[PDB]
Amino acid sequence: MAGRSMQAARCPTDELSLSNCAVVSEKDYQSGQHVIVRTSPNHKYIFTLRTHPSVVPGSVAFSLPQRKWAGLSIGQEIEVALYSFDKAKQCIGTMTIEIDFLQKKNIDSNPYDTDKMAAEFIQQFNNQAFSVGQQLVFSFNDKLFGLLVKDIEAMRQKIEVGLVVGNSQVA
Amino acid sequence: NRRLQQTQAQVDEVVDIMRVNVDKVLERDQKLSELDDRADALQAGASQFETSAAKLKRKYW
Amino acid sequence: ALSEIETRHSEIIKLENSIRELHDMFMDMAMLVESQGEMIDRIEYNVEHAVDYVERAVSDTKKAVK
Amino acid sequence: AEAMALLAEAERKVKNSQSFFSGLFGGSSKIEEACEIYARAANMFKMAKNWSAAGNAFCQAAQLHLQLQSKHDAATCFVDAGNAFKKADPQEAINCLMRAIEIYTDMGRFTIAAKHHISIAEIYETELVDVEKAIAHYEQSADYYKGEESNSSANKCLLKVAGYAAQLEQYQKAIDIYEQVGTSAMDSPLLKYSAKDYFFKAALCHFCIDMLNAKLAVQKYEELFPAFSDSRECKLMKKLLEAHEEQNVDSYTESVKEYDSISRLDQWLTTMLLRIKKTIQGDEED
Amino acid sequence: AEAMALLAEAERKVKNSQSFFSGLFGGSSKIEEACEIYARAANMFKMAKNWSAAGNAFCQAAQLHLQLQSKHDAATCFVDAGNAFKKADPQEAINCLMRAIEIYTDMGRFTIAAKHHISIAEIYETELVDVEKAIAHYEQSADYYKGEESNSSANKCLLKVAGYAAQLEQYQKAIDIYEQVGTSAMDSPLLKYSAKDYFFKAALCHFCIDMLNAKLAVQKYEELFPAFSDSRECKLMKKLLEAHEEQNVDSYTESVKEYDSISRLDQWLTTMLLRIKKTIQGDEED
Amino acid sequence: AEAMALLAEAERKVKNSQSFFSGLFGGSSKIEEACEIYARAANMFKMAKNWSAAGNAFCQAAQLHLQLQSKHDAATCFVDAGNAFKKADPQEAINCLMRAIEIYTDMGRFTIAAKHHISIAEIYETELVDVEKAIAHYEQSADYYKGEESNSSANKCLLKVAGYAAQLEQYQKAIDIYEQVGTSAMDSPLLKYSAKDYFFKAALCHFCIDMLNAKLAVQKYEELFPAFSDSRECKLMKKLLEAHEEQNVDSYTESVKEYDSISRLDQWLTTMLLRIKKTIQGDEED
Amino acid sequence: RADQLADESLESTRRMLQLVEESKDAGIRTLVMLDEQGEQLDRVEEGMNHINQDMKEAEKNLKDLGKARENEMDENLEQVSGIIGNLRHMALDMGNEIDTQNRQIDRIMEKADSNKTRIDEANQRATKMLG
């Protein structure tokens with residue numbers, strides 16, 4: 001609600017680094033809520049929480065990608081606040097994403113079926129918050145990529161932040 | 001003109017520090033000379049102090 | 001084109017200019033730091049010993065009150 | 001060991017004797033003891049990093065030291081107090097120093113009076129922002145240095161004076177200072193180089209004149225075209241003079257844009273150049 | 001003539017008198033005489049280059065000199081003993097110096113206390129390799145120098161503290177020191193040049209940072225290729241930040257190979273550059 | 001606190017006592033008391049910047065001091081008086097200093113005698129305009145410095161001597177001074193650098209010598225092609241020597257015009273160069 | 001005269017490389033000399049604080065007694081530019097080593113004249129009560 005002081009840490013394991021979700025403790029939040037990380041008066045970002053035993057009560061852990069996008073330090077003091085989405089105007093229905101090989105060590109020229117991507121994307125990143133210009137990682141066939149949200153549309157209004165649901169189409 | 005203008009002022013900026021060096025180094029020269037006229041003028045009286053302190057030695061010791 | 005090769009020139013000379021003059025300050029410096037060095041040698045000297053003579057003066061005054 | 005203990009004892013002993021306590025003699029011997037006490041206290045206050053307490057303590061020790069007759073070591077104590085408050089969090093850093101100068105001054109020690117005088121104006125400017133008094137100090141101090149014939153130091157101070165005098169809109173009073181510090185810098189060929197910036201500054205300062213002065217100052221300047229140092233002085237000035245006389249805030253702000261490539265501009269120059277750049281527009285968009 | 005003889009007699013006279021020999025006043029003239037004796041011995045020992053004997057002898061004369069009640073001249077002797085043991089054969093070099101500072105410090109002479117304080121951390125580092133204690137000294141000493149508004153020495157110490165802080169993994173605590181020593185360096189147009197290296201070090205020192213802390217520190221840095229000095233500072237840094245953000249442990253290793261052409265890399269830089277070179281590799285497997 | 005009042009008290013007490021006021025013993029404390037008085041007055045005079053009243057005041061206090069038995073601090077007072085008159089509107093500054101040196105000199109203090117001696121010769125030139133005596137002092141003073149094995153100051157003074165000697169037609173005596181100051185300069189690789197200018201000056205100076213007094217002193221010089229510092233000394237000289245041995249006031253006036261591109265010509269050189277220019281033209285139409 | 005200006009101006013940059021090289025070595029002496037001067041002063045203060053004490057005692061004792069052309073061209077200039085790194089290692093340190101000392105020298109001159117005065121007074125008060 002009002003807000004509470006927290007400490008940014010490192011992502012527990014890789015299993016949570018491929019979910020693009022701010023890992024937290026169970027004694028604090030629950031898997032399914034949304035919050036808004038507040039670092040600077042001009043820096044606002046929204047993440048999706050996911051509890052984990054490794055997390056320490058009173059701190060939030062992020063993954064390298066997110067830690068590079070929202071710019072968060074492992075140790076600094078941030079102000080997190082519960083954010084409730086408006087599923088009547090924020091629900092994503094059409095979102096475009098920029099894809100590019102995350103690592104330069106695994107770059108080929110073979111074709112990749114998109115249909116299989118948009119299907120596995122919503123099957124893993126379902127019920128989560130995404131913002132325009134957000135960075136994350138996508139594991140497709142044991143292959144890492146660097147996604148980048150370009151445009152988001154609610155179910156034909158344009159929104160900066162939305163909530164990916166089930167019947168969410170991706171391009 | 002590339003490397004030229006590059007190396008051009010590269011020294012014009014080193015021409016400033018010396019302007020400060022030559023001055024800060026000359027200001028000391030005069031201050032030290034001032035101490036040379038006092039420090040010595042001091043011991044000059046010390047020659048009197050020694051003799052004076054001795055004359056007091058033959059009066060209370 | 002001379003208009004381009006001539007431009008480079010004027011820039012190099014004007015560069016050489018500011019140079020030599022600055023270097024002049026470096027020389028005079030070493031010349032100044034030196035003169036000062038020999039002058040401090042006499043300063044410390046006269047001071048150092050000045051402390052030796054007084055050191056003997058105070059040692060006597062102390063033994064002149066006991 | 002305990003500062004509070006010493007401060008208290010010091011207090012109990014710092015007081016002109018009376019009654020059977022005074023008897024026949026009494027004064028210096030006691031007040032001095034208290035001085036040493038407070039000094040010993042201010043010391044531990046300084047190791048403890050309380051500074052404030054250390055400074056106020058030195059103020060006490062110093063004042064008392066004056067109550068004994070020994071002005072010298074006293075004044076130096078005030079200096080210690082000044083260094084304390086200075087590196088401390090409260091003020092008083094200005095008072096301790098004034099209390100030091102009053103002493104070095106009426107004592108006859110002007111050389112040092114000016115040594116701390118410039119430190120004073122240096123604090124009264126960077127902190128108190130009191131520029132009027134700071135300048136009054138940089139000036140009187142330069143007068144003392146000039147008295148000792150210590151030209152160089154006197155010039156350092158004058159440069160400060162004029163430099164901050166131009167910031168306080170006092171442009172004319174600045175050009176004059178640059179003139180004086182200029183005619184007293186050519187007697188020594190060890191300042192040849194230096195003689196430039198002076199003319200550049202004096203020509204940049206404008207008391208809202210309607211032409212020359214500057215065009216006359218650049219003229220008074222003796223340059224040798226095949227020169228190298230001088231390239232960083234008048235050559236630019238001429239172009240600026242033309243850009244001023246002729247309302248054109250495009251030929252001035254451009255020439256300074258180019259000059260800022262072969263000779264980086266410092267905060268001062270920029271401040272004044274912009275002021276001139278404003279006079280031009282304020283004559284133009286008018 | 002013989003040191004053994006002097007050392008012995010010095011022992012005979014170093015004792016509170018009694019009976020007729022003491023009369024009414026035994027005085028400290030005797031303990032002092034003994035001091036002069038041991039000093040006279042330590043002297044010929046220092047000549048013979050026995051050092052060990054010289055140092056221990058000075059320790060004797062010093063201790064006795066304390067029994068005289070003249071801390072100052074004593075502490076100086078402790079220093080003599082320190083200079084002996086230091087450039088000698090045995091140890092004690094650290095002891096004497098500690099016994100010297102306790103005196104300069106309690107006395108109130110922090111100016112000289114810091115002078116030997118840095119010498120101390122310098123020995124405790126180049127010899128004992130007790131970095132954790134050395135930093136503590138370099139720091140406290142810098143605090144003293146900062147108090148004496150002797151910015152100079154203070155920075156000479158802070159540089160040590162930070163420099164050896166990065167070696168102890170303290171990267172963040174290092175950059176902060178570079179930030180402070182930088183802020184209190186811009187106020188003086190006499191540090192404009194060096195101010196570069198600070199930003200280079202701080203930008204290099206990475207406490208396992210992920211954001212653009214360095215890209216932000218490099219942005220804070222006012223560079224303009226025309227202010228050419230900067231070339232030996234951030235120009236490389238940006239290239240390093242690019243090879244880092246691109247997890248390319250080849251471009252970074254190539255950049256360190258090229259920069260080592262325009263500006264040689266000292267021990268420090270080398271070690272740290274390799275640490276960053278590993279942060280990249282360890283990120284490539286992420 | 002009134003100066004006039006003090007001056008009167010001082011006079012009232014500065015008098016050898018006798019009869020009833022004497023008693024038994026005279027009283028040097030009296031003459032000295034008066035000294036302190038006058039000093040106290042001279043101080044406030046310098047305060048209000050009346051200098052003419054301060055200087056003459058110090059003189060009094062100084063004179064009286066001699067009547068005491070303290071030549072040292074007295075002479076220092078004479079210095080205070082000289083410093084006053086110097087920075088004052090009247091003269092006397094020359095008399096005070098002569099009265100100061102007679103003391104430092106007879107006292108066995110030549111270091112200081114010469115320190116004020118150079119100041120003297122500097123006044124008799126920059127003020128009284130009497131170089132004929134100034135040189136005499138610059139010399140005797142350089143002799144004193146040469147006694148204190150203080151090569152430095154000795155050479156500074158010699159440089160003054162020759163420097164103004166060339167300007168007083170004394171071209172030969174000038175080269176001689178340059179030869180000595182040049183021989184006693186190579187010994188120390190600390191002057192190797194500036195050692196060029198000496199040879200250039202000497203070779204330029206001509207006692208109307210109708211030969212190669214310089215062409216003989218140009219080859220004596222140890223120049224080196226790779227040595228670039230040297231390219232700023234004899235390289236030009238040779239070209240000037242040919243332009244004189246062929247009465248060509250065009251090759252000389254052109255070579256000086258070209259040399260003024262690689263090495264700026266100071267006032268000195270300029271003056272002498274034109275002097276040679278005249279010896280040439282003059283030998284053409286003469 | 002293209003080649004005559006791209007070489008003469010370059011011939012100077014070459015006679016310039018050593019210049020800053022020659023001035024750098026000459027500057028090094030200022031480094032080792034200003035370092036030696038700083039040391040020889042640490043003892044001066046030592047002897048200045050030594051006299052300060054003794055005098056205080058003496059005075060008190062008296063009272064108790066009274067009663068590839070441009071590739072190289074650049075390399076030559078780069079060396080001249082790199083020298084600034086050494087030119088920086090000088091002006092800075094010593095430049096600050098100047099303040100610390102001067103501020104200390106004044107404190108030395110004062111006490112130097114202070115003790116001098118107390119000696120004249122002590123002598124005067126001593127003469128009246130001599131043998």
# chains A, B, ... in the order shown; residues from 1 in each chain; ligands from 1

$ interface_residues --of "chain C" --to "chain B" --cutoff "8 Å" --atoms "only C-alpha atoms" --output "count of residues only"
31

$ residues_around --residues "stretch 224-233 of chain E" --least-positions-apart "5" --cutoff "10 Å" --atoms "only C-alpha atoms" --output "PyMOL selection string"
(chain B and resi 5-14) or (chain D and resi 260-264) or (chain E and resi 192-201+203+218+238+259+262-264) or (chain G and resi 81-82+84-85)

$ write_last_selection --atoms "N, CA, C and O atoms" --output "compact mmCIF listing (two decimals), in the first residue's frame"
# COMPACT_ATOMS: atom_id res chain seq x y z
N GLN B 5 45.00 19.46 -34.67
CA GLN B 5 44.22 20.15 -33.66
C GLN B 5 44.19 19.36 -32.36
O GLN B 5 44.00 19.92 -31.28
N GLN B 6 44.37 18.05 -32.47
CA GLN B 6 44.37 17.17 -31.30
C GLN B 6 45.58 17.48 -30.44
O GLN B 6 45.45 17.80 -29.26
N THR B 7 46.77 17.40 -31.04
CA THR B 7 48.00 17.68 -30.32
C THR B 7 48.22 19.18 -30.14
O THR B 7 49.07 19.61 -29.36
N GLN B 8 47.44 19.98 -30.87
CA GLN B 8 47.54 21.43 -30.80
C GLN B 8 47.43 21.98 -29.37
O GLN B 8 48.42 22.43 -28.80
N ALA B 9 46.23 21.93 -28.81
CA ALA B 9 46.00 22.44 -27.47
C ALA B 9 46.45 21.49 -26.36
O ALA B 9 46.54 21.88 -25.20
N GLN B 10 46.73 20.23 -26.72
CA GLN B 10 47.18 19.26 -25.73
C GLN B 10 48.31 19.83 -24.90
O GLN B 10 48.49 19.46 -23.74
N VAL B 11 49.09 20.73 -25.50
CA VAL B 11 50.20 21.35 -24.80
C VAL B 11 49.79 22.72 -24.28
O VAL B 11 50.28 23.18 -23.25
N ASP B 12 48.87 23.38 -24.99
CA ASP B 12 48.38 24.69 -24.58
C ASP B 12 47.78 24.58 -23.19
O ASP B 12 47.58 25.58 -22.49
N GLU B 13 47.48 23.35 -22.79
CA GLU B 13 46.90 23.08 -21.49
C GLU B 13 48.01 22.79 -20.49
O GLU B 13 47.82 22.91 -19.28
N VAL B 14 49.17 22.40 -21.00
CA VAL B 14 50.33 22.11 -20.17
C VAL B 14 51.10 23.41 -19.97
O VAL B 14 51.99 23.51 -19.13
N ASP D 260 37.24 28.09 -27.70
CA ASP D 260 37.12 27.05 -26.68
C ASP D 260 37.66 25.68 -27.16
O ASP D 260 37.43 24.65 -26.52
N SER D 261 38.40 25.67 -28.26
CA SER D 261 38.92 24.43 -28.83
C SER D 261 40.44 24.40 -28.72
O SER D 261 41.05 23.34 -28.53
N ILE D 262 41.05 25.57 -28.86
CA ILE D 262 42.50 25.73 -28.80
C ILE D 262 42.94 26.26 -27.44
O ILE D 262 44.13 26.39 -27.17
N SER D 263 41.97 26.57 -26.59
CA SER D 263 42.23 27.11 -25.27
C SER D 263 40.96 27.04 -24.42
O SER D 263 40.18 27.99 -24.39
N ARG D 264 40.77 25.90 -23.77
CA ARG D 264 39.59 25.67 -22.93
C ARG D 264 39.28 26.84 -21.99
O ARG D 264 40.16 27.36 -21.31
N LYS E 192 43.12 19.81 -11.43
CA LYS E 192 42.33 19.60 -12.64
C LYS E 192 42.82 18.43 -13.48
O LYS E 192 42.02 17.63 -13.98
N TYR E 193 44.13 18.33 -13.63
CA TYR E 193 44.75 17.28 -14.43
C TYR E 193 44.55 15.92 -13.78
O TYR E 193 43.88 15.07 -14.34
N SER E 194 45.13 15.72 -12.61
CA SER E 194 45.02 14.45 -11.90
C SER E 194 43.62 13.93 -11.72
O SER E 194 43.41 12.72 -11.67
N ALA E 195 42.66 14.85 -11.64
CA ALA E 195 41.26 14.50 -11.43
C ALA E 195 40.79 13.42 -12.38
O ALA E 195 39.78 12.77 -12.15
N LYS E 196 41.55 13.21 -13.46
CA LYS E 196 41.23 12.19 -14.43
C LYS E 196 41.41 10.80 -13.83
O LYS E 196 40.43 10.05 -13.65
N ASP E 197 42.66 10.47 -13.54
CA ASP E 197 43.05 9.18 -12.96
C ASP E 197 42.08 8.70 -11.89
O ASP E 197 41.80 7.51 -11.80
N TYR E 198 41.59 9.63 -11.06
CA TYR E 198 40.63 9.30 -10.01
C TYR E 198 39.40 8.65 -10.62
O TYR E 198 38.98 7.57 -10.21
N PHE E 199 38.81 9.35 -11.59
CA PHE E 199 37.63 8.85 -12.29
C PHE E 199 37.92 7.55 -13.01
O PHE E 199 37.05 6.69 -13.10
N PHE E 200 39.14 7.40 -13.53
CA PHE E 200 39.50 6.16 -14.21
C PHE E 200 39.53 4.98 -13.23
O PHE E 200 38.97 3.92 -13.51
N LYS E 201 40.14 5.20 -12.07
CA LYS E 201 40.24 4.18 -11.03
C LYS E 201 38.86 3.81 -10.51
O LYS E 201 38.49 2.64 -10.48
N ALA E 203 35.98 4.30 -11.85
CA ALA E 203 35.16 3.68 -12.88
C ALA E 203 35.63 2.24 -13.09
O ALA E 203 34.84 1.38 -13.49
N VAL E 218 31.41 8.05 -15.55
CA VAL E 218 32.11 8.55 -16.72
C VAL E 218 31.28 9.70 -17.27
O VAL E 218 31.82 10.66 -17.82
N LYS E 238 34.93 3.92 -21.53
CA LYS E 238 33.74 3.70 -22.33
C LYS E 238 33.88 2.42 -23.15
O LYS E 238 32.97 1.60 -23.19
N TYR E 259 45.32 0.19 -25.10
CA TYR E 259 45.53 1.28 -24.15
C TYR E 259 46.93 1.18 -23.57
O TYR E 259 47.55 2.20 -23.25
N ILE E 262 49.02 3.62 -25.51
CA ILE E 262 48.96 5.05 -25.32
C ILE E 262 49.26 5.48 -23.89
O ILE E 262 49.71 6.60 -23.65
N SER E 263 49.04 4.56 -22.96
CA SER E 263 49.25 4.81 -21.54
C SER E 263 49.60 3.51 -20.84
O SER E 263 48.74 2.63 -20.73
N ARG E 264 50.83 3.37 -20.37
CA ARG E 264 51.22 2.13 -19.70
C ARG E 264 50.35 1.80 -18.50
O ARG E 264 49.82 2.69 -17.84
N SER G 81 52.77 13.99 -25.15
CA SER G 81 51.48 14.07 -24.47
C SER G 81 51.50 13.17 -23.25
O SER G 81 50.95 13.52 -22.20
N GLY G 82 52.13 12.01 -23.38
CA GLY G 82 52.21 11.07 -22.28
C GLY G 82 53.06 11.62 -21.15
O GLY G 82 52.84 11.29 -19.98
N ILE G 84 52.94 14.37 -19.96
CA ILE G 84 52.07 15.15 -19.08
C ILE G 84 51.76 14.31 -17.86
O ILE G 84 51.49 14.83 -16.77
N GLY G 85 51.79 12.99 -18.04
CA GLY G 85 51.52 12.09 -16.93
C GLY G 85 52.60 12.25 -15.88
O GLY G 85 52.34 12.10 -14.69

$ select_by_dssp --residues "stretch 95-271 of chain F" --states "alpha helix (DSSP H)" --output "MDAnalysis selection string"
chainID F and resid 95:107 110:126 131:147 151:167 172:186 195:204 215:219 234:244 251:262 267:271

$ closest_atom_pairs --of "chain G" --to "chain C" --cutoff "10 Å" --atoms "only C-alpha atoms" --output "tab-separated table"
residue	atom	partner	partner_atom	distance
G:1	CA	C:6	CA	8.4
G:2	CA	C:5	CA	6.2
G:3	CA	C:5	CA	9.1
G:4	CA	C:9	CA	9.4
G:5	CA	C:9	CA	5.8
G:6	CA	C:9	CA	6.3
G:7	CA	C:9	CA	9.4
G:8	CA	C:13	CA	8.7
G:9	CA	C:13	CA	5.7
G:10	CA	C:12	CA	7.8
G:11	CA	C:16	CA	9.9
G:12	CA	C:16	CA	6.7
G:13	CA	C:16	CA	6.8
G:15	CA	C:20	CA	9.6
G:16	CA	C:20	CA	7.5
G:19	CA	C:23	CA	6.8
G:20	CA	C:23	CA	6.6
G:21	CA	C:23	CA	9.9
G:22	CA	C:27	CA	8.8
G:23	CA	C:26	CA	5.6
G:24	CA	C:26	CA	8.1
G:25	CA	C:30	CA	9.7
G:26	CA	C:30	CA	6.0
G:27	CA	C:30	CA	6.4
G:28	CA	C:30	CA	9.2
G:29	CA	C:30	CA	7.5
G:30	CA	C:33	CA	6.3
G:31	CA	C:33	CA	9.8
G:33	CA	C:37	CA	7.3
G:34	CA	C:33	CA	7.9
G:36	CA	C:37	CA	9.1
G:37	CA	C:37	CA	7.2
G:40	CA	C:44	CA	7.0
G:41	CA	C:44	CA	7.1
G:43	CA	C:48	CA	7.8
G:44	CA	C:44	CA	6.2
G:45	CA	C:47	CA	9.6
G:46	CA	C:48	CA	9.2
G:47	CA	C:51	CA	5.7
G:48	CA	C:51	CA	7.6
G:49	CA	C:51	CA	9.7
G:50	CA	C:51	CA	7.3
G:51	CA	C:51	CA	6.4
G:53	CA	C:58	CA	9.5
G:54	CA	C:58	CA	5.7
G:55	CA	C:58	CA	7.1
G:56	CA	C:58	CA	9.7
G:57	CA	C:58	CA	7.8
G:58	CA	C:61	CA	6.0
G:59	CA	C:61	CA	9.1
G:60	CA	C:61	CA	9.9
G:61	CA	C:65	CA	6.4
G:62	CA	C:61	CA	7.8
G:63	CA	C:65	CA	9.9
G:64	CA	C:65	CA	7.4
G:65	CA	C:65	CA	6.4
G:87	CA	C:26	CA	9.9
G:112	CA	C:47	CA	9.5

$ residues_around --residues "residue A:133" --least-positions-apart "4" --cutoff "9 Å" --atoms "only C-alpha atoms" --output "PyMOL selection string"
chain A and resi 69+148-151+160

$ write_last_selection --atoms "N, CA, C and O atoms" --output "mmCIF file, in the first residue's frame"
data_model
loop_
_atom_site.group_PDB
_atom_site.id
_atom_site.type_symbol
_atom_site.label_atom_id
_atom_site.label_comp_id
_atom_site.auth_asym_id
_atom_site.auth_seq_id
_atom_site.Cartn_x
_atom_site.Cartn_y
_atom_site.Cartn_z
ATOM 1 N N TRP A 69 17.940 -3.641 -16.779
ATOM 2 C CA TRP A 69 16.853 -2.840 -17.329
ATOM 3 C C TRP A 69 16.420 -1.744 -16.365
ATOM 4 O O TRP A 69 16.518 -0.556 -16.672
ATOM 5 N N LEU A 148 12.492 -7.738 -26.135
ATOM 6 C CA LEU A 148 12.353 -6.313 -25.850
ATOM 7 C C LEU A 148 10.972 -5.822 -26.262
ATOM 8 O O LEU A 148 10.701 -5.627 -27.446
ATOM 9 N N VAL A 149 10.100 -5.624 -25.278
ATOM 10 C CA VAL A 149 8.742 -5.158 -25.538
ATOM 11 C C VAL A 149 8.749 -3.835 -26.298
ATOM 12 O O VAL A 149 9.397 -2.873 -25.885
ATOM 13 N N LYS A 150 8.020 -3.794 -27.408
ATOM 14 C CA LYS A 150 7.937 -2.597 -28.232
ATOM 15 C C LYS A 150 6.588 -1.901 -28.075
ATOM 16 O O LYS A 150 6.525 -0.720 -27.729
ATOM 17 N N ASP A 151 5.513 -2.638 -28.328
ATOM 18 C CA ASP A 151 4.167 -2.089 -28.218
ATOM 19 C C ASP A 151 3.221 -3.060 -27.517
ATOM 20 O O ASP A 151 3.279 -4.269 -27.741
ATOM 21 N N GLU A 160 1.272 1.406 -21.497
ATOM 22 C CA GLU A 160 2.703 1.332 -21.224
ATOM 23 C C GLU A 160 3.014 0.090 -20.393
ATOM 24 O O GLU A 160 4.084 -0.504 -20.522
#

$ interface_residues --of "chain D" --to "chain E" --cutoff "7 Å" --atoms "only C-alpha atoms" --output "VMD selection string"
chain D and resid 43 83 87 261

$ write_last_selection --atoms "N, CA and C atoms" --output "PDB file, in the first residue's frame"
ATOM      1  N   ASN D  43      42.413  19.074  23.028  1.00  0.00           N
ATOM      2  CA  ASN D  43      43.176  18.043  22.354  1.00  0.00           C
ATOM      3  C   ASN D  43      42.382  16.746  22.272  1.00  0.00           C
ATOM      4  N   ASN D  83      41.292  26.406  12.881  1.00  0.00           N
ATOM      5  CA  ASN D  83      41.440  25.159  12.139  1.00  0.00           C
ATOM      6  C   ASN D  83      40.413  24.142  12.627  1.00  0.00           C
ATOM      7  N   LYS D  87      37.457  22.741  10.164  1.00  0.00           N
ATOM      8  CA  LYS D  87      37.226  21.340   9.828  1.00  0.00           C
ATOM      9  C   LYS D  87      36.029  20.781  10.626  1.00  0.00           C
ATOM     10  N   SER D 261      38.395  25.670 -28.264  1.00  0.00           N
ATOM     11  CA  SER D 261      38.921  24.427 -28.827  1.00  0.00           C
ATOM     12  C   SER D 261      40.443  24.397 -28.722  1.00  0.00           C
TER      13      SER D 261
END

$ interface_residues --of "chain E" --to "chain C" --cutoff "12 Å" --atoms "only C-alpha atoms" --output "count of residues only"
10

$ interface_residues --of "chain A" --to "chain E" --cutoff "10 Å" --atoms "only C-alpha atoms" --output "list in words"
residues 14, 64, 65, 66, 67, 68, 69, 70, 71, 72, 73, 74, 102, 103, 104 and 105 of chain A

$ select_by_dssp --residues "chain A" --states "strand (DSSP E or B)" --output "NGL selection string"
:A and (4-10 or 22-24 or 34-40 or 43-51 or 60-62 or 77-82 or 91-97 or 101 or 128-131 or 135-139 or 144-154 or 158 or 161-170)
